[PDB]
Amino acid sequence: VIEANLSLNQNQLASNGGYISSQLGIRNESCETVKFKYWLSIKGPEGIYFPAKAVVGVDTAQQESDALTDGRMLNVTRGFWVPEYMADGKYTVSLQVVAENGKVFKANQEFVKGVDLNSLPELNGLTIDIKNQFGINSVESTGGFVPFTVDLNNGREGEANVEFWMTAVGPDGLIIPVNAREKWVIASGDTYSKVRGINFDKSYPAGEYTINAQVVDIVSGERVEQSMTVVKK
């Protein structure tokens, strides 16, 4: 058994990006020595994925393992630049460890670029509040149901013409529909409110599902994404 810990020196960048320093902690909490591989990666808006390592010449390194003995622990510091060209929005930093026996351990932290950390995602005046209703992060292999709350609040002076949908992006290349495409013309000060659930049928493959919601202002053409995780065991 391994314990992975991740800490970011800062969690909010202005629109022109900046530097983020990470404190990586990998602890072996067992009597036996453990062999493993680890790395640090970033997920972001608009399909951005990138490695935390950046090189001055040509990348030619391999992925090397590590070993920790009884109660022993690894501690490293790694930083990375988030450049201005990257989309404003929410990013997830992921410290990932795969032990020799196939066990996966992950420690994540979020940072934002160009938006307030403690504000709802937003399209001008239109706030987007989409949540895993009861904080259910996994379901049994024999199946389970997970409800999500959806609240699109139009804080604008004018009406908002929006499109909304959700999928579940999972194992084996699956993209399961969770919410069909809906269109709503929402008056100033009004709200689109709704609860939507997905039934994870017993037949669906085990692994990680990213419940991915999308909201578009079809007049401005701007799009906002909200991603949430559910594991089927």
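Start at 1 with the first residue shown and count on from there.
A summary of the deposited B-factors shows that, of 131-139 and 154-162, the stretch with the larger mean C-alpha value is 154-162. Comparing 39-47 with 58-66, the stretch with the higher mean C-alpha B-factor in the PDB entry is 58-66.
The maximum CA B-factor among the listed residues 180, 52, 168, 186, taken from the PDB record, is found at 52. The maximum CA B-factor among the listed residues 201, 208, 172, 32, taken from the PDB record, is found at 32. In the PDB entry, a CA B factor belonging to the highest third of its chain's modelled residues is recorded for residue 71. Sort the chain's modelled residues by C-alpha temperature factor and residue 111 lands in the middle third, per the entry. Sort the chain's modelled residues by C-alpha temperature factor and residue 96 lands in the middle third, per the entry.
When the CA B factors of the chain's modelled residues are split into thirds, the value for residue 146 lands in the lowest one. Split the chain's modelled residues into thirds by C-alpha temperature factor. Residue 1 is in the highest one.
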